[PDB]
Each structure stands twice: as structure tokens, then as C-alpha cells.
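**Q** This is the structure I have questions about; it appears just below.
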Amino acid sequence: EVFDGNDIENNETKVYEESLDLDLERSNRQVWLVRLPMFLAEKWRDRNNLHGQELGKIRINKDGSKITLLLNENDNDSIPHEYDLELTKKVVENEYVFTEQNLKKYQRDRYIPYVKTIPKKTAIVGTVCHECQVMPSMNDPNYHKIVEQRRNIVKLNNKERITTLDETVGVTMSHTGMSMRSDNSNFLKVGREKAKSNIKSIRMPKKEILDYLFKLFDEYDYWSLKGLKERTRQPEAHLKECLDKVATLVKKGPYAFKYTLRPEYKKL
DNA sequence: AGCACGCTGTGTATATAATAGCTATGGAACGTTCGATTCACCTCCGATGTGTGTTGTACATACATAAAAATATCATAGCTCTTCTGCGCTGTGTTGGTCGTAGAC
């Protein structure tokens with residue numbers, strides 16, 4: 001939504017039904033900033049999943065404020081379901097969460113009324129006071145299933161080797177350079193699509209062509225050889241013989257290189 | 001039902017007249033646009049002229065100070081002649097006694 005900045009005409013009232021002020025009533029919500037490993041971030045950010053269903057439970061043991069995640073069994077079985085939420089900062093300062101929503105376009109002292117401000121709806125989702133990180137638990141039987149998977153991270157290669165053509169080299173070189181095979185592709189056949197347009201015309205008489213030239217000059221005073229030729233469908237030799245009698249080309253004016261009506265016929 | 005087979009059309013090549021129409025091409029002119037180059041103005045050091053602080057002077061007064069000199073004041077010697085003091089003398093106040101008397105009670 002591109003829009004002009006520093007608008008003092010209050011045009012945002014008419015074009016934007018939603019208020020431009022920042023919503024702050026959600027800022028009192030507590031938000032835990034959590035850093036996840038590769039698998040939990042992979043399965044907790046995909047758009048084909050996360051339909052609002054429950055993914056786990058949070059257990060906070062108050063003996064030492066130990067936070068654990070007990071994941072549900074609906075996701076997988078090879079992954080662990082018990083995790084430790086370590087807190088690297090019990091109090092996190094100067095960190096908040098803000099969200100942006102698109103607007104509805106339907107229905108010294110020196111200042112400049114143009115700053116190119118993009119208006120977007122903004123709202124503080126809450127306040128962050130806990131920076132969290134989720135580690136897999138040591139005692140889980142599936143914990144090794146993570147570690148080997150991590151050992152699978154450095155082991156697999158994402159690139160494949162080059163492919164070697166194992167057939168006879170003459171069959172491979174049959175298509176190269178000198179070949180009987182004419183090209184059958186239609187990619188950039190500019191000469192095919194431009195040389196097929198041919199104009200054919202006859203020596204149609206002088207009175208009708210001069211009347212046609214007068215009609216085009218009445219429609220617009222300035223014309224060219226190509227536009228008049230495609231408008232009247234006449235040969236260049238016959239069209240030139242009629243233009244110089246009743247019209248002339250401009251040599252020094254702002255509309256130069258264009259055929260225009262003579263000043264004697266201009267007042268007609 | 002759809003691809004193999006047969007048939008036909010088209011393009012290849014040869015010459016050769018005809019015509020109109022289309023197109024490539026060289027050149028000349030000119031508008032458009034973009035990069036290169038230079039002007040005016042500002043700034044910043046540098047020369048300059050010019051302006052001002054300092055010193056000294058002139059002209060012709062006023063003005064504060066102050067010193068040599070005439071002079072009023074005074075300190076003091078001289079003098080002189082009027083008073084103070086010591087000595088000589090003497091004469092009258094003093095002491096004692098007697099007796100009238102007079103004034104206090």
C-alpha cells in the first residue's frame with residue numbers, strides 16, 4: 001500500500017477505514033522469546049501444519065523454577081517429547097513484540113509535506129521478559145535420535161556428482177555443430193514473425209487518394225509516410241506523388257520529419 | 001481407428017519476355033539524449049591601504065602651588081626710676097599698779 005507521507009489534508013480518513021494509531025492494550029501480555037533446535041523450528045513454522053491444535057504442555061517446577069516441555073504424541077514418535085526450557089535471562093529488558101496488519105484501501109521549523117511514509121497498522125503483541133532455549137532432555141530414549149540426526153547433518157552431501165555420458169561419443173556429437181538435424185524450436189524466430197507481413201496495393205486513382213489524404217489531415221494535421229501508408233494501403237511511389245502537391249514535410253519545427261498540410265490549405 | 005500406403009502438390013533446376021510493387025541502401029538533415037567541459041559563486045589565505053594606538057609638539061590660555069621678600073608679632077635686652085628692704089634711732093604701746101566711776105543688773 002504505497003501512499004504519500006506528511007499529508008496534512010487528512011486524506012487517510014477517507015481512504016483508510018482502520019485507525020492509524022498503534023494498539024497498546026495487548027502490551028501487558030507476557031511473551032516468552034524461545035529459541036528452538038532445527039527439528040522443532042522446522043515442524044513449528046510450516047504452513048501446512050499448525051492448525052491451532054495443542055502441541056504440548058509446559059511444566060514449571062517451583063522448587064528451582066525448572067521449566068520443561070511435555071510434547072504430545074500427535075507429531076512423531078522418533079523425536080523426543082520431553083525438553084528443558086533453559087532461561088538465559090530471568091529479566092529481559094527493552095524487548096517487545098509488535099505486529100503489522102495491512103490497511104483497508106476500500107471506502108529547524110522548516111517542514112516539507114512529503115516524506116514517503118508507508119501507513120501500516122501496528123500493535124504491540126506483548127512484553128518479553130524471558131529469553132528461552134529448548135534443549136532435548138538427556139534421559140529421553142529418543143534423545144540419541146536427535147544426536148544421530150545432528151550427526152546426519154554433517155554427514156550427508158547436498159551436491160551430486162557430474163553425470164557421465166556412457167553411450168557412443170558419435171551419438172552424442174550427432175547434434176553438435178554440423179548436423180543434418182534442422183532446428184525445430186520456435187524460440188526467437190523473429191525473422192519468421194516479421195518477414196511474413198507483406199503489403200500489396202494498386203494504383204487506385206488520384207481523386208480518391210487525395211480525398212483520403214484530406215480526411216487524414218482533417219483528423220490530424222501532422223502525419224508520416226509509414227502511418228499514412230498503413231492507413232490508406234497505397235504504394236510509396238504513388239503516395240509520394242500526391243503528398244508533395246498538397247502537403248509538405250517540416251524541416252525545422254518541433255514537429256519535424258512529419259508530413260503536414262500546406263499553409264494555403266491549412267485555413268480550409 | 002489410426003497409422004501405412006498411395007497419390008498429389010511443392011520445391012529444387014534450366015531460359016525468357018513482360019509489368020508493377022517492395023525492399024535494401026547510400027547519403028543528407030535533423031531532433032534527442034548523454035557525457036564532458038567550463039562559468040559563477042563561495043571560501044580561504046594573502047597582499048594592502050588605512051586606521052588607529054603611541055609619542056611628541058604647538059598655541060594659547062587657565063590654574064595649582066609655592067617660594068623670595070615685605071612685614072606684623074613677638075622674645076628679649078636695656079634702662080630707669082619708682083618701690084622694696086635693711087639699718088639706725090626713738091618714741092610711744094606695753095605692763096603693772098592705783099583709784100575713781102559708770103553702766104549692767
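In the C-alpha cells, each chain is lettered A, B, ... as it comes, each chain's residues begin at 1, and ligands are numbered from 1 in order of appearance.
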Would you mind listing, as a PyMOL selection string, all residues of chain A that have at least one atom within 8 Å of chain B, where only C-alpha atoms (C1' of nucleotides) are what counts?
**A** chain A and resi 199-201+235+251-252+256
**Q** Would you write out those residues with N, CA and C atoms, as a PDB file, in the first residue's frame?
**A**
ATOM      1  N   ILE A 199       2.890  -6.063 -47.783  1.00  0.00           N
ATOM      2  CA  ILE A 199       1.849  -5.120 -48.176  1.00  0.00           C
ATOM      3  C   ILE A 199       1.784  -5.088 -49.696  1.00  0.00           C
ATOM      4  N   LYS A 200       0.583  -5.274 -50.243  1.00  0.00           N
ATOM      5  CA  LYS A 200       0.349  -5.211 -51.679  1.00  0.00           C
ATOM      6  C   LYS A 200      -0.785  -4.233 -51.948  1.00  0.00           C
ATOM      7  N   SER A 201      -0.588  -3.349 -52.924  1.00  0.00           N
ATOM      8  CA  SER A 201      -1.571  -2.321 -53.235  1.00  0.00           C
ATOM      9  C   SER A 201      -1.548  -2.044 -54.731  1.00  0.00           C
ATOM     10  N   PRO A 235       0.933   2.261 -52.565  1.00  0.00           N
ATOM     11  CA  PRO A 235       2.386   2.184 -52.751  1.00  0.00           C
ATOM     12  C   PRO A 235       3.070   3.502 -52.417  1.00  0.00           C
ATOM     13  N   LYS A 251      10.838  20.800 -41.673  1.00  0.00           N
ATOM     14  CA  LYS A 251      12.288  20.650 -41.645  1.00  0.00           C
ATOM     15  C   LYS A 251      12.939  21.211 -40.387  1.00  0.00           C
ATOM     16  N   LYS A 252      12.324  22.200 -39.735  1.00  0.00           N
ATOM     17  CA  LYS A 252      12.949  22.828 -38.579  1.00  0.00           C
ATOM     18  C   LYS A 252      12.014  23.031 -37.394  1.00  0.00           C
ATOM     19  N   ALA A 256       9.026  18.249 -36.673  1.00  0.00           N
ATOM     20  CA  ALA A 256       9.804  17.991 -37.874  1.00  0.00           C
ATOM     21  C   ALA A 256       9.728  16.517 -38.272  1.00  0.00           C
TER      22      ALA A 256
END
**Q** So which bits of segment 53-122 of chain A end up strand (DSSP E or B) when you DSSP the backbone, as a PyMOL selection string?
**A** chain A and resi 56-61+66-71+82-89+96-101+121-122
**Q** Now that the selection is made, can you save its residues with C-alpha atoms as a PDB file, in the first residue's frame?
**A**
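again-v5.pdb, freshly written:
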ATOM      1  CA  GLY A  56       2.466 -29.798  24.252  1.00  0.00           C
ATOM      2  CA  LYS A  57       2.311 -28.706  27.871  1.00  0.00           C
ATOM      3  CA  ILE A  58       4.597 -26.520  29.988  1.00  0.00           C
ATOM      4  CA  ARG A  59       5.556 -27.778  33.453  1.00  0.00           C
ATOM      5  CA  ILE A  60       7.089 -25.206  35.808  1.00  0.00           C
ATOM      6  CA  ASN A  61       8.584 -26.845  38.889  1.00  0.00           C
ATOM      7  CA  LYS A  66      12.746 -25.515  36.284  1.00  0.00           C
ATOM      8  CA  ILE A  67      10.742 -25.353  33.046  1.00  0.00           C
ATOM      9  CA  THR A  68      10.054 -28.475  30.985  1.00  0.00           C
ATOM     10  CA  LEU A  69       8.083 -29.139  27.806  1.00  0.00           C
ATOM     11  CA  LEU A  70       5.994 -32.313  27.578  1.00  0.00           C
ATOM     12  CA  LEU A  71       5.142 -32.633  23.893  1.00  0.00           C
ATOM     13  CA  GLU A  82      10.412 -34.110  26.978  1.00  0.00           C
ATOM     14  CA  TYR A  83      12.515 -30.953  26.714  1.00  0.00           C
ATOM     15  CA  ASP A  84      14.185 -28.466  29.053  1.00  0.00           C
ATOM     16  CA  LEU A  85      13.431 -24.752  28.610  1.00  0.00           C
ATOM     17  CA  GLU A  86      16.594 -23.079  29.852  1.00  0.00           C
ATOM     18  CA  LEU A  87      16.301 -19.390  30.737  1.00  0.00           C
ATOM     19  CA  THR A  88      19.425 -17.421  29.870  1.00  0.00           C
ATOM     20  CA  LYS A  89      17.856 -14.218  31.254  1.00  0.00           C
ATOM     21  CA  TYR A  96       8.754  -6.282  22.931  1.00  0.00           C
ATOM     22  CA  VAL A  97       6.697  -7.890  20.164  1.00  0.00           C
ATOM     23  CA  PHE A  98       4.923  -5.765  17.558  1.00  0.00           C
ATOM     24  CA  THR A  99       2.732  -6.960  14.695  1.00  0.00           C
ATOM     25  CA  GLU A 100       1.844  -5.275  11.411  1.00  0.00           C
ATOM     26  CA  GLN A 101      -1.526  -5.524   9.656  1.00  0.00           C
ATOM     27  CA  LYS A 121      -1.419  -0.909  11.224  1.00  0.00           C
ATOM     28  CA  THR A 122       0.829  -1.647  14.203  1.00  0.00           C
TER      29      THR A 122
END
**Q** Nearest to residue 145 of chain A: which of A:32, A:3, A:265, A:39 is it, counting only C-alpha atoms?
**A**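 With only C-alpha atoms as the atom set, the closest residue is A:39.
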**Q** Please, what distance in Å, to one decimal, runs between atom CA of residue 104 of chain A and atom CA of residue 18 of chain A?
**A** 6.8 Å
**Q** Excluding segment 213-224 of chain A and any residue of its chain fewer than 5 positions from it, enumerate the residues within 7 Å of it, using only C-alpha atoms (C1' of nucleotides), and give them as a short mmCIF file (atom, residue, chain, number, x, y, z; two decimals) with N, CA, C and O atoms, in the first residue's frame.
**A**
data_model
loop_
_atom_site.label_atom_id
_atom_site.label_comp_id
_atom_site.auth_asym_id
_atom_site.auth_seq_id
_atom_site.Cartn_x
_atom_site.Cartn_y
_atom_site.Cartn_z
N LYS A 258 7.72 15.18 -40.28
CA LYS A 258 6.34 14.74 -40.39
C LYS A 258 5.65 15.52 -41.50
O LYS A 258 5.85 16.73 -41.63
N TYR A 259 4.83 14.82 -42.28
CA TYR A 259 4.09 15.46 -43.36
C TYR A 259 2.86 16.17 -42.81
O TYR A 259 2.04 15.56 -42.12
N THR A 260 2.74 17.46 -43.12
CA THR A 260 1.61 18.26 -42.69
C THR A 260 1.04 19.02 -43.88
O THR A 260 1.71 19.22 -44.90
N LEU A 261 -0.22 19.43 -43.73
CA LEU A 261 -0.93 20.14 -44.78
C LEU A 261 -0.28 21.50 -45.06
O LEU A 261 0.31 22.12 -44.17
#
**Q** Would you compute the distance between atom CA of residue 142 of chain A and atom CA of residue 76 of chain A? Give it in Å to one decimal.
**A**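 Answer for the atom CA of residue 142 of chain A to atom CA of residue 76 of chain A separation: 10.9 Å.
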**Q** Might you pull out every residue within 12 Å of residue 23 of chain B, with only C-alpha atoms (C1' of nucleotides) counted and same-chain residues fewer than 4 positions away left off, and present them as JSON, numbers by chain?
**A** {"A": [195, 198, 199, 236]}
**Q** With C-alpha atoms retained, could you export that selection as a short mmCIF file (atom, residue, chain, number, x, y, z; two decimals), in the first residue's frame?
**A**
data_model
loop_
_atom_site.label_atom_id
_atom_site.label_comp_id
_atom_site.auth_asym_id
_atom_site.auth_seq_id
_atom_site.Cartn_x
_atom_site.Cartn_y
_atom_site.Cartn_z
CA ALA A 195 9.11 -11.12 -42.66
CA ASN A 198 3.83 -8.13 -46.93
CA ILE A 199 1.85 -5.12 -48.18
CA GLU A 236 5.13 4.56 -51.65
#
**Q** From a backbone DSSP assignment, name each residue in segment 68-171 of chain A labelled alpha helix (DSSP H), as a PDB file with C-alpha atoms, in the first residue's frame.
**A**
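So part_28.pdb came out as:
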ATOM      1  CA  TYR A 143      17.483 -38.068  22.503  1.00  0.00           C
ATOM      2  CA  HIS A 144      20.092 -40.098  20.608  1.00  0.00           C
ATOM      3  CA  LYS A 145      17.679 -39.944  17.657  1.00  0.00           C
ATOM      4  CA  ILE A 146      18.365 -36.205  17.684  1.00  0.00           C
ATOM      5  CA  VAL A 147      22.139 -36.580  18.049  1.00  0.00           C
ATOM      6  CA  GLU A 148      22.495 -39.065  15.190  1.00  0.00           C
ATOM      7  CA  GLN A 149      20.253 -36.732  13.183  1.00  0.00           C
ATOM      8  CA  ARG A 150      22.706 -33.984  14.095  1.00  0.00           C
ATOM      9  CA  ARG A 151      25.426 -36.424  13.060  1.00  0.00           C
ATOM     10  CA  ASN A 152      23.365 -36.830   9.888  1.00  0.00           C
ATOM     11  CA  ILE A 153      23.632 -33.060   9.374  1.00  0.00           C
ATOM     12  CA  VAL A 169      30.554 -40.471 -28.495  1.00  0.00           C
ATOM     13  CA  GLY A 170      29.376 -40.211 -32.108  1.00  0.00           C
ATOM     14  CA  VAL A 171      25.746 -40.352 -30.994  1.00  0.00           C
TER      15      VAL A 171
END
